[PDB]
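So this one's two forms of a single chain, laid out as structure tokens and tagged structure 1 and structure 2.
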Structure 1
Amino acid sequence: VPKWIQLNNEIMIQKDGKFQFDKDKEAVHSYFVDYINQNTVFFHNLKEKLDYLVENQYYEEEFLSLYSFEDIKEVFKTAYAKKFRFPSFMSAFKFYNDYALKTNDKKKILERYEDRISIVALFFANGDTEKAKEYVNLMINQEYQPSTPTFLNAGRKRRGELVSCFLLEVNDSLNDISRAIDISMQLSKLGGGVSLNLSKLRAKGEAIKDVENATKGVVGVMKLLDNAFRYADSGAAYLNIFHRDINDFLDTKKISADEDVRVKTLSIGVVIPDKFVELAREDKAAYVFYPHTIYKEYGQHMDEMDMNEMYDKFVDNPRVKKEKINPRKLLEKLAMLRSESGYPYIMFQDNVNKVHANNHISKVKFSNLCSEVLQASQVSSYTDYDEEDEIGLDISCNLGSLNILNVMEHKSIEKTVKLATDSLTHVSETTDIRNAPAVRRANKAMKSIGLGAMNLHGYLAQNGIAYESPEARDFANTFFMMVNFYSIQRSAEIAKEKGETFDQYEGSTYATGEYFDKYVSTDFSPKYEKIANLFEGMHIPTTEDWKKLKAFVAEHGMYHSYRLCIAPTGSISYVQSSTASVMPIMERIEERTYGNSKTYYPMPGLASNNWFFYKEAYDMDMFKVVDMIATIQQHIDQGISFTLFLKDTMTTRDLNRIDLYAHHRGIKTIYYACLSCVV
């Protein structure tokens, strides 16, 4: 057993009752000197390194050719000037095991952490050598972490797509079903996570032409999709809760499900308008609808109509066919299934669209794997082979997360937010997906990005603030207000600089101005003095600054239809020495076995004198956590991946009381505690 693993395990051998937290500094030092340095290829110079990496098909050539090699050396030297040292064993282990470029034979290390960062920065900057330096500092200071698809792939040949998260609409025809199968496979082949909205497909037992009772329904298309994802080397189906197939749709995922209906590689999500929550509260028998009878009567997809306005009219219309269900029992079934599998991802549709800026394009109808992407979409119609198709708007989103601790300590909320936006904008403009025409069309038209945040709990716990406290909410309220301020400002700056807005921007609430109403009348500076001290050195936007930004946007518009969403953070959380996303930590010390050895990872910053503040999520009040997320969500235009942390000693009514409380507080999406759609 290696020496770094020896010192690593010595954390768990207590001294004066205290753990040996300092042993992990030795462990990662031993891990480098006695291993990493000896398997890292070292060239006589950097040009020799880059020429080798280019000539051996490791790196791409075009993006490097935009720089004079004297500039590439300055950028690399900027990365190494930091003298970055991983503070823990698992942080360095995860980077070299998951991210560092290895040789084709997987024997030696080609990239140090400074190398991957320099290459990504050279890619983002697109020739601007000083900007490349800015990106290097931003990443080497660990202020910003682009998503794994971007951070891992930028600058490679054989490089996968930098975006790997996609959402698809599916129209109610065999032609469209066939095209969705192929698109799913085309994206999944590229490593993408694909979520499809099935709410427009007619329900089981609806007519085809004049043959009554002919349709397989949603479960039939799920079976085809399940197989498509199996063949092409993870997908999701969403369904509106008022769709007649909702029960059958859910039952495909019961762990006891019969194999005739079983679907094994599809996640599921459920879309819940306010009207359903009211019916459930009142314990009144509800109706679910056969969507094609609604289409034949109203000429519109049920999915494109306002169920809060239309429910009673659908019920009274004799040409609309429906079924009676028990809304409380359906709500209970959603709790049971999430205890089994985490998902169904639950989306409170009216909590999304109440504050949605682009309802003029469409209401938000569904979300992605792990349910943080919330954007408008419009269904295509792929017609017969000899006819032109009608290309709509699907969704793809490009992700990154700033690191709250390092942003606060560097007092760089503005600079990080604006710079990270520039990078996500570059990934959006260099993406051209083939074989997904509505994804490609939407990416150019909508120009949407998704900037998030990680290390919320870690930063709070290291500054003496409990995750569940009202002080924690007071910090989050202010911090994310500021993130949103500078995000909107940078999007308008890019719109002025380029002279473009996203397509149909002038119909958005950004252009008509009501987006800014709460920001010009309400102040979001800290109510607690000790929280205000954390922001010392950074100007906090006032209602007056918001009035001037409102006016600025009104003159120049905005480049991005969407800017912010908070995805989960996977392995990269280790590399960042950061608690995952904005969630509370799960364990104070993680024990995982790797290759016949047990490794220990205490939470980033865990000491004996802050033990109390690293409170484990399962011991927290989920109602207080809901309050925290609802506070962050005020200033995020898309969504927040939100996993409830529950003990098995929870009755099904306790579970639904959380659901109802989350809906009450304005939460957009929720599930219980996705690789392509995480940072």
Structure 2
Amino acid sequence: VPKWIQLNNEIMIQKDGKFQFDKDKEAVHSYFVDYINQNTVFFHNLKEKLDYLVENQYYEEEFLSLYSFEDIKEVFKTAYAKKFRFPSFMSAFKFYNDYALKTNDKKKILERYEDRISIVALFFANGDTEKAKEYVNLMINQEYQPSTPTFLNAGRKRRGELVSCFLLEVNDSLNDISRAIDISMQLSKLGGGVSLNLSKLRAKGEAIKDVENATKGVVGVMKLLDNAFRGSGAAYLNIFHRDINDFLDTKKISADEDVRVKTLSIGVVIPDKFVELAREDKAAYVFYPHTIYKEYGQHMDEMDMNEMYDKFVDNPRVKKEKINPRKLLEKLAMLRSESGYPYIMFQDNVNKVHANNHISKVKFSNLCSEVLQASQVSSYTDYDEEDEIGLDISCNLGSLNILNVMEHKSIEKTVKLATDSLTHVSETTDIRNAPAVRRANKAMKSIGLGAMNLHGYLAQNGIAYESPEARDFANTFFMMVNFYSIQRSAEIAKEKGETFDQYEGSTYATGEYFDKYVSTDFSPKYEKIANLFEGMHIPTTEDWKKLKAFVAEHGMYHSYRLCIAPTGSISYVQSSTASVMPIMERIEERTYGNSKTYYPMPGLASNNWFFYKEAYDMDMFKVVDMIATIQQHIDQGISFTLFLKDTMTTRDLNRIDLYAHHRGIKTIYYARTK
């Protein structure tokens, strides 16, 4: 058993009635002086090191050639200037195991933490040395953390693409299904998560072909996708689609392997009309989509279900099956208890505050349920015919660290620089053989700036997650993020002289987006929270009015700007609590070969133990209230894990989900039971 693991294990051995939290500091110190520092490669100087890495195909030559070597030296100097030390074994372990560049044989380490940051910053700044130094400071102070794909691969030659999220529409044909599978594997190889909308695919019995897929409906397509992934995959289906019960039964524990889907995540899209039909206890119907396309010349999930539902029911050329809508909502709650699946998207909560309904309404979401954008189906054809390209979704992500941003008083600076980094990654992306995704990147230019360390920050300032004080902080914080995000998007539009495709018809352009911001104040109501924002200018209704006019004049470069991802791996590197979620465990036990490892939550001690309250003991109604408060100021979505007990009944699970719906929650993610 290595010394660093032994020292890490001594945290759980009590001393004077307390956990030995400081033993983690010894553990990480041992990890460096007994392992990491013995496996790093020596170089005489920075010039030799960089020439070696370029010439041996580790780094790309072009992004470095934009700087003079003297300027590169100064950027690297900036990274090593602040004496960065990991506070825990796991934070250091997660960087050097998952992110640090290794030699090709993978026996030595070629990058310190400061080297990766220096290279990522030199990639972002595109020759601008002074901006590269700001990126280094932003990342070394841990104010901003680029997503895994960007942070891992930026500046490297042997790599995937830097984009995290891909969402694909799939039209109703074998050529389309075949192309969607091909594109999914291509994009998954590039390092991104891939989510597929299956709501336009024809239901069971509508496929009259002698192929293995035919007779199972969309489950056949789910199987092909699931097998291919053996980046991860997801599939979404509208609740009014006939195959909804078969779609759900892929995640049953008792389901046989010919129907079962193990790797692929699943999501269900629920409009209000289904919630209306659940409220009044009467039987409802699910539709065979190809019959709807035959009749109306439009896909089911493109048409307005509030208006057309009764018309689909009364039309005899539209085929249907009767269901009990309350019992399907019960089934959803039950599967989420057993499996964690499916994810739920409350479609009208997404679309009632969506800025770009004129392009399209939002029909589905991504692998982690936070990306929420317009899309349009493509039509892929054979050799001698022409493809008709629609609009898929791509979004590259990054996260603010709330703790460090507040302590450095740098909300404006970090949001605007992060937005610039996300914009450069979007500009330098080059997707081949997926023109609907290429269209998304070039024309829509969406980015996904999120945040982590909410609970960690609140807990270390004596603010409980469920308190009105916490919601007061979140309200003001994310308002500010949205303000400076929009401002920078509009500034970039002025500088570049470009806007996102069909900006002119958006709620940003009409002014409607800003209505609540020009009329209501979002500064902190509690004095304790107002003192935390001391030194930072909190935008007022008057600033918002001025921003509204600025946007009306110059437009906006980005179609979407903000979304809060789960941050599973990167949160360790940041010594941060995951996302805006409440923590699961005060101390995480995990396996390490034969031995165990222990990770106390970042900033956990005996004197703040109360404030690091475990998510399972919280009231999920009050957790809903927190995320709803954040969702006000996020144009896309928030990955909302729900934390449950086996004591809860199906009745209790339905009441939580229906309350989430009532408060305007856009999506809910994996359902976690203790």
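Take the two forms, find the largest set of C-alpha atoms that superpose within 1.5 Å, and that set is the rigid core. Each residue is numbered by where it sits in the sequence of structure 1, with counting from 1.
Core-based superposition between the two structures shows that, of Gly557, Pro526, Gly217, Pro273, only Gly217 has its Cα displaced by 2 Å or more.
Core-superposed comparison between the two structures: the CA of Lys94 stays below a 2 Å shift. Relative to the superposed core, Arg319 shifts its CA atom by 2 Å or more between the two structures. Taking the rigid core as fixed, one finds a CA shift for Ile540 smaller than 2 Å between the two structures. Note on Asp432: its Cα is shifted 1.1 Å between the two structures, core used for superposition. When the core is overlaid, the C-alpha of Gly507 ends up 0.3 Å from its other position between the two structures. Taking the core as reference, the C-alpha deviation of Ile208 between the two structures is 6.0 Å.
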